[PDB]
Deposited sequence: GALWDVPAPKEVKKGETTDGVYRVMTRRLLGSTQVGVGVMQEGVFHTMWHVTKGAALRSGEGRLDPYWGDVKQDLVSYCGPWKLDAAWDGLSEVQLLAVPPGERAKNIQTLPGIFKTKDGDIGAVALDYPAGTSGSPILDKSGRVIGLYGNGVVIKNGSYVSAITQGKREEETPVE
């Protein structure tokens, strides 16, 4: 239940399917990581509380708590938790997804799929969204939206 970034694992052996954020007693990850299934945490169970396929987000134990947003000018850090690797910070200036409904920050970083759900942070350390829903440009370069929910 401790605040932090967490691996999401599945079981023969174990595999890391994604990443999520614990904040204010609520676990935040991407829908495509868990498909809304319940999660084990030690001897306890975390049940899904809210989710939305179009936003590709799900929260456990309570409503979505993360509400900070990219300021549109400043560099950010992806707190990547790749399978088999220590959590590490990658700093970048986001590009932009321009959509009919407005602009979304986007990071042109390509990490293994099990990194989906890793938080993207602003300079004050607030989570401005999660990594791992995006689009491919030319030469197989992946670009991830900075996906944020509503509090």
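Deposited sequence positions missing from the model - stretches, numbered from 1, in order: Residues missing from the model, as numbered along the full deposited sequence, span 1-16, 28-29, 170-176.
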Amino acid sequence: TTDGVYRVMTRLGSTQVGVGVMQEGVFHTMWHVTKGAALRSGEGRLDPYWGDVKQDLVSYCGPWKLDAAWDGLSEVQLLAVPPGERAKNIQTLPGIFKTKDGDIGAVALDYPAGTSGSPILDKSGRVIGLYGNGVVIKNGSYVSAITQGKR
From here on, numbers count along this sequence of modelled residues.
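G140 coordinate gap across at least a third of other entries: Yes, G140 lacks coordinates in at least a third of the other entries compared.
Check: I128 without coordinates in a third or more of other entries: No, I128 has coordinates in all the other entries compared.
Selected stretch [higher average CA B-factor]: 112-120 or 84-92: Averaged over C-alpha atoms, the B-factors run higher in 84-92.
Stretch exceeding the other in mean C-alpha B-factor - 103-111, 38-46: Comparing averages over the C-alpha atoms only gives 38-46.
Ranked against its chain, the third holding the CA B-factor of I137: Highest third - that is where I137 ends up once the chain's C-alpha B-factors are sorted.
CA B-factor ranking of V127, expressed as a third of its chain: It belongs to the lowest third of the chain when residues are ordered by C-alpha B-factor.
For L12, the third of its chain into which the C-alpha B factor falls: Highest third.
CA B-factor ranking of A69, expressed as a third of its chain: According to the entry, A69 has a C-alpha B-factor in the chain's highest third.
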